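Input: a single structure, listed below in structure tokens.
Below, chains carry the letters A, B, ... as their sequence lines are ordered, and counting in each starts from 1.
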Amino acid sequence: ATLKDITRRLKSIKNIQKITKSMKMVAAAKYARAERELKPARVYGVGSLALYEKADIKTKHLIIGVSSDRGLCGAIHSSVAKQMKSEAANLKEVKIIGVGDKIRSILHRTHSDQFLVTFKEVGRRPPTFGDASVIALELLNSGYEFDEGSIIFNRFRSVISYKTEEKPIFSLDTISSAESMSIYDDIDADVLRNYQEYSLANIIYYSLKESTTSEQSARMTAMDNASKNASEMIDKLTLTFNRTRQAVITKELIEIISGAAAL
Amino acid sequence: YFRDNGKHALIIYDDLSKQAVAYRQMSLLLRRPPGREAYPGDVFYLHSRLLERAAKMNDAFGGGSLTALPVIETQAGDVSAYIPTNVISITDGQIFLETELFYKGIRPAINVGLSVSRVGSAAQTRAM
Amino acid sequence: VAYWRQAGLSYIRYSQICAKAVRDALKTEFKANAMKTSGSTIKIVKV
Amino acid sequence: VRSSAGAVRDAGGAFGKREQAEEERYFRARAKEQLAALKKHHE
């Protein structure tokens with residue numbers, strides 16, 4: 001490469017290094033916050049899971065995939081998308097909801113027909129119950145009547161690890177009166193409906209809080225790796241820069257000396 | 001001879017990089033001092049005077065024409081190089097070819113974005 | 001069929017108003033943690 | 001230390017070309033939304 005090409009490239013990658021370093025620190029302070037907020041949210045969300053995990057419940061299927069809109073977080077989106085298509089091929093009428101635009105990006109070419117609705121603006125402000133509520137309301141009052149459903153998301157484990165999991169949504173208000181839920185029998189349909197709705201919000205809230213912690217930690221790591229790779233390139237380019245710099249002085253000077261000797 | 005006798009000719013100079021090298025050898029051995037990259041001081045002129053001879057003639061001179069397609073070899077894509085820059089600055093336009101494009105399957109390996117030609121007479125065609 | 005359910009509203013919506021009112025009744029000491037909770041970031045995607 | 005804003009675009013490097021395409025994608029989607037909104041303001 002030319003001296004000008006090297007110089008321009010060096011300046012670009014130095015800029016990339018600075019930004020990825022800054023965004024690593026942003027993700028680190030955001031991750032710390034998510035992991036604090038996850039603590040009570042895990043108690044809450046697991047408490048909402050207690051009903052189904054103390055009773056054998058069986059049975060149009062609804063897949064809700066949860067990630068975000070934001071790139072540079074490793075295999076966060078591919079993971080969830082991989083289990084979305086995997087469970088979709090195993091099921092028998094399937095409709096898909098994606099929360100986080102990156103879900104729709106990966107699945108659209110093959111599963112465009114099966115998409116009910118998409119949600120965006122995920123991964124900018126830490127999710128709230130309001131956000132769970134907004135998704136919840138745009139599913140009940142939308143038009144689709146699902147018999148069963150499942151929500152797919154990244155469950156946080158540590159700074160560097162997460163597991164793609166699936167939770168069931170038996171929210172079909174018809175299935176709440178079956179074999180094992182026979183002991184829960186004095187409730188009128190009005191209150192069961194209110195319960196069913198609230199628990200639908202709880203499980204989506206739970207997925208939102210787990211996903212975000214996993215996404216922020218994975219963002220931290222990706223940016224950390226990006227800036228380490230950039231620094232290595234910078235080191236190598238700087239060496240080429242200095243070699244080339246010296247060689248241009250040398251070359252120029254030999255030309256002028258030849259020009260002088262020839263007179 | 002075609003240009004001036006009412007006819008049309010196309011000339012290809014393949015290539016002007018090698019002509020400049022030969023000019024450099026000859027000039028150095030004549031003991032004319034070496035200039036930029038050891039080329040003679042007037043390497044620009046070597047090419048500018050040649051290419052200026054391609055022309056379109058008016059009717060009082062016969063209506064003939066001579067079109068030139070000079071060819072320049074770059075090194076590792078360096079169009080900013082001395083001889084390449086001279087000839088770019090002389091010509092009416094240029095067709096830029098690139099190795100990346102060639103191997104990607106773009107053949108002819110023309111970089112459409114960078115390649116330029118001067119307007120075009122209204123007449124290139126009409127359905128074209 | 002409560003007064004709000006006949007109006008076409010859900011327990012999600014009922015609960016959201018109830019939750020907001022409990023927050024709007026905090027004092028400037030716990031009110032700082034209104035912000036970090038009670039958001040409206042997520043948006044629907046049509047066409 | 002030394003000022004360097006816009007160096008990524010200035011390099012014509014992969015990252016440079018990618019960012020240009022990313023801006024264009026964004027603003028073509030905006031134009032679609034804005035021209036429809038302008039159509040419905042037309043009456």
Side-chain angles (χ1 to χ4, degrees), chain A residues 30 34 37 41 45 61-73 76-85 87-88 94-146 149-155 164-167 169 171 197-216 218-219, chain C residues 10 12-13 15-16 37-47, chain D residues 25-26 29-30 32-33:
Chain A
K30 267 181 179 69
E37 286 175 35
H61 201 276
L62 207 217
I63 297 293
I64 304 168
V66 196
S67 66
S68 78
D69 308 358
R70 141 80 184 250
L72 277 161
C73 56
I76 250 80
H77 305 119
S78 65
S79 285
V80 174
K82 220 90 184 178
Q83 195 172 112
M84 272 191 284
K85 63 186 178 197
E87 278 280 271
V94 196
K95 283 278 174 192
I96 291 174
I97 287 172
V99 31
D101 199 58
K102 229 79 172 175
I103 297 304
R104 191 198 41 82
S105 308
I106 303 163
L107 259 46
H108 80 304
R109 274 195 307 275
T110 159
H111 298 90
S112 185
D113 285 39
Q114 293 182 320
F115 262 97
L116 208 277
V117 273
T118 298
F119 295 88
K120 71 170 176 187
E121 221 63 59
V122 195
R124 225 276 161 156
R125 280 261 185 167
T128 55
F129 202 80
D131 296 287
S133 172
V134 166
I135 297 159
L137 293 162
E138 194 57 18
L139 165 51
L140 284 153
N141 290 295
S142 70
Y144 187 61
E145 316 300 324
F146 66 98
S150 82
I151 189 152
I152 307 165
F153 64 100
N154 291 312
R155 196 199 78 166
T164 307
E165 282 199 10
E166 186 181 301
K167 295 284 175 175
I169 311 114
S171 201
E197 286 173 328
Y198 195 72
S199 96
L200 174 62
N202 290 345
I203 190 70
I204 177 84
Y205 179 67
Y206 177 60
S207 67
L208 261 45
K209 281 290 174 196
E210 287 278 359
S211 176
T212 310
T213 315
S214 305
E215 193 242 28
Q216 293 289 174
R219 265 154 86 155
Chain C
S10 70
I12 310 303
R13 188 49 181 143
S15 175
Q16 184 180 37
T37 321
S38 71
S40 68
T41 318
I42 318 298
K43 290 164 189 183
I44 67 282
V45 184
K46 76 104 176 284
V47 299
Chain D
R25 176 209 65 81
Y26 183 88
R30 287 307 161 292
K32 267 190 177 196
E33 291 168 349

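- Within the 4.5 Å cutoff, the side chain of A:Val134 has no heavy atoms near those of the C:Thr41 side chain.
- Between A:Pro127 and C:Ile42 there is no side-chain heavy-atom pair separated by less than 4.5 Å.
- A donor-acceptor distance shorter than 3.5 angstrom exists from the side chain of A:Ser214 to the backbone of A:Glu210, with no hydrogens or angles considered.
- Within 6.0 Å of the CZ atom in A:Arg125, the count of heavy atoms belonging to other residues, nucleotides or ligands does not exceed 12.
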Residues 94-120 of chain A, side-chain donor-acceptor partners within the protein, below 3.5 Å, at least two apart:
residue: A:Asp101; atom: OD1; partner: A:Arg104; partner atom: NE; Å: 3.1
residue: A:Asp101; atom: OD1; partner: A:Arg104; partner atom: NH2; Å: 3.0
residue: A:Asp101; atom: OD2; partner: A:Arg104; partner atom: NH2; Å: 3.0
residue: A:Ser105; atom: OG; partner: A:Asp101; partner atom: O; Å: 3.0
residue: A:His108; atom: ND1; partner: A:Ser105; partner atom: O; Å: 2.9

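- Side-chain rings of A:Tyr205 and A:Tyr198 stay apart, their centers remaining 6.0 Å or farther from each other.
- Taking NZ of A:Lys167 as the start and CZ of A:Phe153 as the end, the distance is 6.0 Å to the nearest 0.5 Å.
- A:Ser68 and A:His77 get closest at one heavy-atom pair: OG-NE2, 3.3 Å.
- The side-chain tip of D:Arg30 points at the ring of D:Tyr26 from less than 6.0 angstrom away and within 45° of straight on.
- Between A:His61 and A:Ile63 the shortest side-chain heavy-atom distance falls below 4.5 Å.
- Contact check on A:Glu37 versus A:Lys209 returns a salt bridge, with a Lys/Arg side-chain nitrogen under 4.0 Å from an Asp/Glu carboxylate oxygen.
- Residues A:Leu62 and A:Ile169 have side chains not in contact (no heavy-atom distance under 4.5 Å, counting atoms from C-beta outward).
- Looking at every heavy atom in both residues, A:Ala41 comes nearest to A:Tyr206 through O-CD1, 4.1 Å.
- Of all heavy-atom pairs spanning A:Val80 and A:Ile152, the tightest one is CG1-O, 3.6 Å.
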*Test A:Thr128 against C:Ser38 for side chain to side chain contact (heavy atoms under 4.5 Å, CB included), laying out the working first.*
CA-CA 6 Å; A:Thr128 55; C:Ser38 71; 5.7 Å; no
*Given side chain to side chain contact (heavy atoms under 4.5 Å, CB included), test A:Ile135 with A:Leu208 step by step and report yes or no.*
CA-CA 11 Å; A:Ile135 297 159; A:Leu208 261 45; 4.0 Å; yes
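- With values rounded to the nearest 0.5 angstrom, A:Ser150 atom OG is found 10.5 Å from A:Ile203 atom CD1.
- Rounding to the nearest 0.5 Å gives a distance of 11.0 Å between OG of A:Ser133 and CG of A:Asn202.
- Atoms OG and CD1, on A:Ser207 and A:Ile64 in that order, are 7.5 Å from each other to the nearest 0.5 Å.
- Under a 4.0 Å N-O distance rule, the pair A:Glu165/A:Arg155 qualifies as a salt bridge.
- If you take CZ on A:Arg70 and OG on A:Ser67, they are separated by 12.5 Å, rounding to the nearest 0.5 Å.
- Taking CZ of C:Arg13 as the start and CG of A:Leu137 as the end, the distance is 8.0 Å to the nearest 0.5 Å.
- Taking all atoms of both residues into account, the shortest heavy-atom contact from A:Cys73 to A:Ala218 is O-CB, 3.4 Å.
- Between the side chain of A:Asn154 and the backbone N or O of A:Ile76 there is at least one donor-acceptor pair closer than 3.5 Å.
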